[PDB]
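In what follows, chains are A, B, ... by sequence order, proteins preceding strands, each numbered from 1. Numbering of ligands and ligand atoms starts at 1, following listing order. The figures here come from the full heavy-atom set of this structure, side chains too, leaving out hydrogens, waters and symmetry mates.
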Amino acid sequence: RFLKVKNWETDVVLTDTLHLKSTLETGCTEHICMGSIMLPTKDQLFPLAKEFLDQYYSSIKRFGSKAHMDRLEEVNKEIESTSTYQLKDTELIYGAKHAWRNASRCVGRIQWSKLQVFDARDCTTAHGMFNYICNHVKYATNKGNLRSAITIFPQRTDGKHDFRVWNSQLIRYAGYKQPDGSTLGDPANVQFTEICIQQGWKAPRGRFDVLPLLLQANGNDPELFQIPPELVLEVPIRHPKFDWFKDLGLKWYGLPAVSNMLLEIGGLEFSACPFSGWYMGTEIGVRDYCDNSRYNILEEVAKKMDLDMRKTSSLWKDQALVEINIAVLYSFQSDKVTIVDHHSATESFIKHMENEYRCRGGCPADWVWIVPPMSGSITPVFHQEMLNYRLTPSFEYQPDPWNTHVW
Amino acid sequence: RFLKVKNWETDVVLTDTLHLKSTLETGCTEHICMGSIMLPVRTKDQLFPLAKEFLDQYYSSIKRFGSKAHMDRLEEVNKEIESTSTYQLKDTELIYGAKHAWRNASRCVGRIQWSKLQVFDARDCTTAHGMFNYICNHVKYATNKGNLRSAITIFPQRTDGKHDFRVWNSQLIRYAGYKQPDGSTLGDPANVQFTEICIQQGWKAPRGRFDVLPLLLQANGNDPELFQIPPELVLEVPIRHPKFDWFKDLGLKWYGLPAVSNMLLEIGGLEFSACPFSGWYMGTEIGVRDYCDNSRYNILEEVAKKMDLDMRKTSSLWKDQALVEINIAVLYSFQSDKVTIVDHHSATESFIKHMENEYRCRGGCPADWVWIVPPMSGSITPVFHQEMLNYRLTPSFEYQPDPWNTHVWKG
Ligand code: HEM
Ligand code: HEM
Ligand SMILES: C[C@H](O)[C@H](O)[C@H]1CNc2nc(N)[nH]c(=O)c2N1
Ligand SMILES: C[C@H](O)[C@H](O)[C@H]1CNc2nc(N)[nH]c(=O)c2N1
Ligand SMILES: CN(O)C(=N)NCCC[C@H](N)C(=O)O
Ligand SMILES: CN(O)C(=N)NCCC[C@H](N)C(=O)O
Ligand SMILES: [Zn+2]
């Protein structure tokens, strides 16, 4: 019932008691571990509302107070009467911050208490959604001095009036299947790009075309909007030592803004809740650029470095990987756009884990996601045992809206 | 029940049915995943089902399930258990058991090779001197002048738990570690505790950076005895770099034969507490972990200093740059000396091919992602993108406590 986690580099041992508060299921059983799998009514709602309100009133040191009991009765009366309830602004902000705090896949959680919460629960149309999103992009970007933010659209009601951002992130690049057989742009975004074109987007058919927003308000058919170009901060990628790197024609955007997840607070479901922080360098340099199914640039870079690509044991892929990641970090830093390297971020996470174990009794963490995708063992998280479990409030995956929407 | 795993790079989906034959527990529950935790005398009653399960597996593998030979063997083992409290495996069953323990080892990336394993049966061994001779023969066979051959040596099984055979070394060949009065370490810090034990037992330590440890061998529950492996049998490789001529003056070398000697082999409920096994290295084991872990030889700074990298801020990725060069040097050095080694790209590519084959022919391949993904360049290897299912099949290799923690000293 009490669990220990050890760091095998420092011998530091921490005791986890927070897992006992966990409610949701992991997908593992005593017989099988699914740790590497990517995607493993009124009666329902009151216990969830109560669980949340209890944690909230405990957090402001007013547990069992008159104000606690009164809010519990108020919400109970509201669920019994309306089949749902509304969060106070204080509860919404607490809930959003804790959904981030609880995000076991996120290495950036030392930042969790510093989150700007934009309450968009008064939004009614897709044009309104576009306005809120531009404002979030502008605030979060802050001319390169990035600030963490979330924008929260109205909660699910009966499930036929869902707010959704159809985009997987606020800013991403289009992908196009060519007659050639190859893919132009970002292959990750081929299906969604097709949906936009189908809905009438005039695609430029280039390598780095910022996708338009496809926004769905109140369960209505989604609508297209272009983010003002002047609000999308991009960074041309160059190398501090290699003059030729700039001629690859690479760029990336500064603001990573996940827009397809569902925020659950006190049993309420916020299906449109785009949130943004800043990039860890490996996200762009390792995954976005070097995944075989992404921009897949290792070959081109290695050829420009004149490495021996005849044999895997020359480690040519590894050498070009490091250089690409050096160029990503250098380019963002030179343009004064916030970015964190994987050494700095993982060091910060270990400190955050220690803080959470000390002050909260634990920190749910998914090692498979937390360890960076290059140089794993030279970062301290590789040597850190972690326990993964699901706490609420939470960010959850949800099915893509085009599979589910009724046109 | 069927379980699917997807490869997110190729979209290949595989279906696992083998997990149904799993009996042992993982450490995980419906409420918690323990997938990153390093470490999460039998009765007659518990023994016969284990033996039966194993013999059924063995006779099925040889296409003799339900034959008179199968039935007679079950009867013979049942009689032997009821009579003597235990039983003896036939040579064929021992070979099959050892190969399958390897096949089932979810943390092993090298399993494409599982059916090619030389099994040395040492169950007639009675003394530590006998163990030493067996171990020297294993080392010489496995080394094969650099053309490494996988092998296992299997000493007598556990009886009452008071007469265990144990190799006290964690690997047959490893370097000594010495804690200095000023708090620094000479040699390999991983082996400081064991080095102190050896010195206590009478070893005269050279006190250098790469001293091959003596073997410390326990036969039949007796106190362990020290033996020096003949130096001519210990193949080592001086580490140099193909471009950087200063690399050799770091004074680095490593041994060619990785030979894990502290695990327990379980076959049909029998426990083989001394079962050293060896293959060949994947380069990252040495170049990433052994050389660059902060708690091991910790060479990153010295290498980066010699490369004249910008070390003022982590975001120059100086550690990452030095790491790749060290790993190039290790692969270069072994290949140049004609000592078998595999790079992490080749090894992971082969593992994926093995895994897909296992799914098709066996219905699954238990695999621990946390261990299978290499400790550098994770996502440019195919295993990073491969969903895996981790579960425990028997026969198996298991951890056991260090023998100095449990040994009853006779004097
Ligand atoms: C402040 C800077 C932040 C950094 C450096 C950071 C870092 C990261 C990284 C590197 C990942 C893995 C992403 C991937 O591999 O695709 C991640 C995942 C995640 N982060 Fe953060 N994060 C930050 C802010 C935030 C914020 C503000 C939130 C929510 C308010 C958040 C919630 C999450 C969630 C829910 C995931 C899992 C996403 C998924 O499963 O695809 N993070 N974080
Ligand atoms: C033939 C070449 C082989 C290669 C390249 C290979 C590769 C590896 C690697 C890289 C690891 C991780 C080791 C670590 O991080 O400390 C490992 C683990 C392991 N391998 Fe292999 N292996 C090979 C042969 C064998 C053989 C012959 C056996 C047994 C018969 C075996 C059984 C195991 C086991 C039980 C582990 C888990 C070790 C632990 O938990 O500490 N492997 N393998
Ligand atoms: C199959 C495996 O779960 C998958 O490739 C994971 C591994 N770790 C990851 N880690 C992060 N941070 N992001 C990812 O997309 C992934 N992908
Ligand atoms: C805490 C974590 O489980 C631990 O550091 C693991 C991670 N993955 C590993 N993978 C391999 N192959 N070998 C190891 O020693 C480790 N160590
Ligand atoms: C949440 N956020 O701040 C962040 N750093 N990453 C979210 C995911 C971004 C994605 N991995 C990408 O490379 O675009
Ligand atoms: C099993 N074997 O062949 C192997 N490749 N590795 C076993 C463990 C070796 C260990 N990682 C080391 O670096 O010495
Ligand atoms: Zn698990």
Side-chain angles (χ1 to χ4, degrees), chain A residues 5-10 25-40 103-108 188 256 258 280 282-283 286-288 291-294 342 345-346 349-350 365-374 376-389, chain B residues 5-10 12 25-40 105-110 190 258 260 282 284-285 288-290 293 295-296 344 347-348 351-352 367-376 378-391:
Chain A
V5 282
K6 176 166 170 177
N7 185 297
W8 287 86
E9 175 196 342
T10 67
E25 284 162 327
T26 60
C28 301
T29 75
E30 315 93 69
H31 296 297
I32 189 155
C33 177
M34 292 202 145
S36 65
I37 306 299
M38 199 106 62
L39 324 167
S104 71
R105 293 176 165 179
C106 174
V107 70
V258 173
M280 185 172 70
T282 55
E283 296 183 83
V286 180
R287 304 301 312 283
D288 297 343
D291 277 0
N292 197 242
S293 65
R294 296 298 293 294
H342 52 290
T346 53
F349 187 71
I350 294 294
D366 183 347
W367 192 104
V368 168
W369 273 63
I370 295 287
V371 177
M374 69 180 299
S377 74
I378 65 167
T379 72
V381 288
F382 181 99
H383 306 274
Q384 182 61 63
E385 297 182 343
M386 297 169 198
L387 292 168
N388 197 200
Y389 47 92
Chain B
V5 289
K6 173 181 169 167
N7 185 295
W8 287 88
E9 190 159 63
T10 59
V12 177
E25 293 166 306
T26 58
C28 302
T29 76
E30 300 101 288
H31 294 104
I32 195 154
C33 176
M34 307 258 287
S36 70
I37 308 306
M38 193 106 57
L39 327 158
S106 75
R107 295 179 163 175
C108 180
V109 72
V260 169
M282 180 168 77
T284 51
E285 298 183 79
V288 184
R289 304 301 314 282
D290 300 345
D293 272 6
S295 287
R296 297 296 297 285
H344 52 291
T348 58
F351 182 72
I352 289 291
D368 180 344
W369 194 100
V370 170
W371 273 65
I372 293 294
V373 181
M376 69 180 289
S379 67
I380 60 161
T381 71
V383 285
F384 181 100
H385 305 276
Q386 179 72 55
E387 296 180 339
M388 297 172 195
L389 287 177
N390 194 201
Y391 46 92

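Distance NE2/B:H31 to OG1/A:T29: 12.5 Å, rounded to 0.5 Å. One distance of note links CE of A:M374 with NE2 of A:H342; it measures 5.0 Å at 0.5 Å rounding. For the atom pair B:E9 CD and A:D291 CG, the distance stands at 6.5 Å (nearest 0.5 Å).
Between B:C33 atom SG and B:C28 atom SG, the angle centred on the Zn ion (ligand 7) amounts to 110° (nearest 10°).
Counting only heavy atoms of the protein, atom 12 (N) of ligand 3 lies nearest to A:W369 O, 2.9 Å.
When only interatomic distances are considered, the shortest N/O to N/O separation between A:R287 and ligand 3 falls below 3.5 Å. Polar contact check, B:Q386 against ligand 3: no nitrogen or oxygen pair lies under 3.5 Å apart. The N/O atoms of A:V368, backbone and side chain alike, include one that comes under 3.5 Å of an N/O atom in ligand 3.
The residue among A:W367, B:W369, A:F382 with a heavy atom at the shortest distance from atom 9 (C) of ligand 4 is A:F382.
With ligand atoms numbered from 1 in the order given, ligand 4 contributes 1 (C) to contacts under 4.0 Å with heavy atoms of A:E385. Distances below 4.0 Å separate heavy atoms of A:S36 from the following atoms of ligand 3: 1 (C), 2 (C), 3 (O).
Residues A:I370 and A:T346 come closest through the heavy atom pair O-CG2, 4.4 Å.
The neighbour count for A:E30 CD, taken as heavy atoms of other residues, nucleotides or ligands under 6.0 Å away, is above 12.
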One pair to check against side-chain hydrogen bond (donor to acceptor under 3.5 Å, both in side chains): B:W8 and B:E387. What are the steps and the verdict? CA-CA 8 Å; B:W8 287 88; B:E387 296 180 339; 3.0 Å; yes
